[PDB]
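Let's start with one chain on its own, the form deposited in one PDB entry, as C-alpha cells.
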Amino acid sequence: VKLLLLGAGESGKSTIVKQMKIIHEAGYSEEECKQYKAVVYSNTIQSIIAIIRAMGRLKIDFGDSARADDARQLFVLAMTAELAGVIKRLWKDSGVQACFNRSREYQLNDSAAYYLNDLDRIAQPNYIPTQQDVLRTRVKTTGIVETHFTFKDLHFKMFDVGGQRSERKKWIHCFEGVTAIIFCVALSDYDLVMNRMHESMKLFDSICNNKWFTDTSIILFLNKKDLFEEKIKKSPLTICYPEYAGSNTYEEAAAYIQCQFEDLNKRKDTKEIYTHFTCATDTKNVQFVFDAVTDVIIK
C-alpha cells in the first residue's frame, strides 16, 4: 500500500508518522525518547520566548514588575535550575498569561502550554521524555519522509510530503501508484490572524478534484480537534468563516468546517471523501481511526 500524507506545515503529518511507528512498529523505547530531550527543552525555551517578545509588540505589561528582570535574564540564559526558575515565574505571571491567551495574534508552538505547565517534571536533572512528550515535540520536516509497516496482511509505504520545491519528474514518481491520500488540516488554525484555513481548503481542492486520483481513496484528517474544542469556547468560527450563522459549540463548528471542505468535491456522486476528526497526539485515537482507514482500503 502506497500512502501519501499531505497537508500544510504544522497540520500534524510527522506526528502521525510517529504514531504509526508507535502503533505498528515497536513504539519509542526509553532510549529513543532520551534523544528528544534537547528538542523538548528547545521547544519549551522558544515558546516562552515567543510569548515575552509578543508582550512587547502587543504592549502588555507584566502582572508583577519583578518579572521584568526575569524576562531580561531569560534572554541572557538562553536546562539549568537557573533557567527553569526564570521560566516558571514568567509562565505564572498574569501578564504573561494575558499574552499567552492572545496567541492567535503571533506565532506560538501548539505544545507551548503542554510543556510550560509540566516544567517541574521537564526540568528535573534525570528527566526522561515520555512518549507523549516526544509526540508533542515540534521539528520542521524538510524533504519527503517514509515509513514502512505491516498491518492486517498489508505492507504500507507511507510518504510524508512537506512543502518543498522539486522537479516535475520526482513529483511524478511520488504521485504514481498511490493507493490512498490522507490530507491533514489543523482545525485550530481557524482563527489565526488569506485565511490559514482557506489556504488549506485550496490545497485540499486540488487533491480532491484531480482526475488522477479518481481511483485513489481521499481521506480527510480534521486534526487538532482537542485544541480546536478549547479555542471554540472563546474564539468564534466567524473569524474564519464570516458568513457562518450557527452556534459556537464544538459539534456545530466542527460539522461546518467538515462541510466546507467536503463541498469542494465537484464529483459528490462519483467520488467519496472519508472524513475523520483526529487528535494526532492521541495514539489511541489515531489507532482507532487508522484501523478504520485500513478497513476502507481492504473494502
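From 1 onward, residues are counted along the sequence shown. Definition used throughout: the rigid core is the maximal C-alpha set that superposes within 1.5 Å between two forms.
What follows is about the form deposited in another entry, which we do not show.
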For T142, decide whether the Cα shift between the shown form and the other one is 2 Å or greater, given a superposition on the rigid core. yes
Can we say the CA of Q164 moves by at least 2 Å between the shown form and the other one when the core is superposed? yes
Core-aligned, does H173 move its Cα 2 Å or more between the shown form and the other one? yes
Using the form shown as baseline, tell whether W171 and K18 are closer or farther in Cα-Cα distance in that other deposited form, where the change reaches 3 Å or more. closer
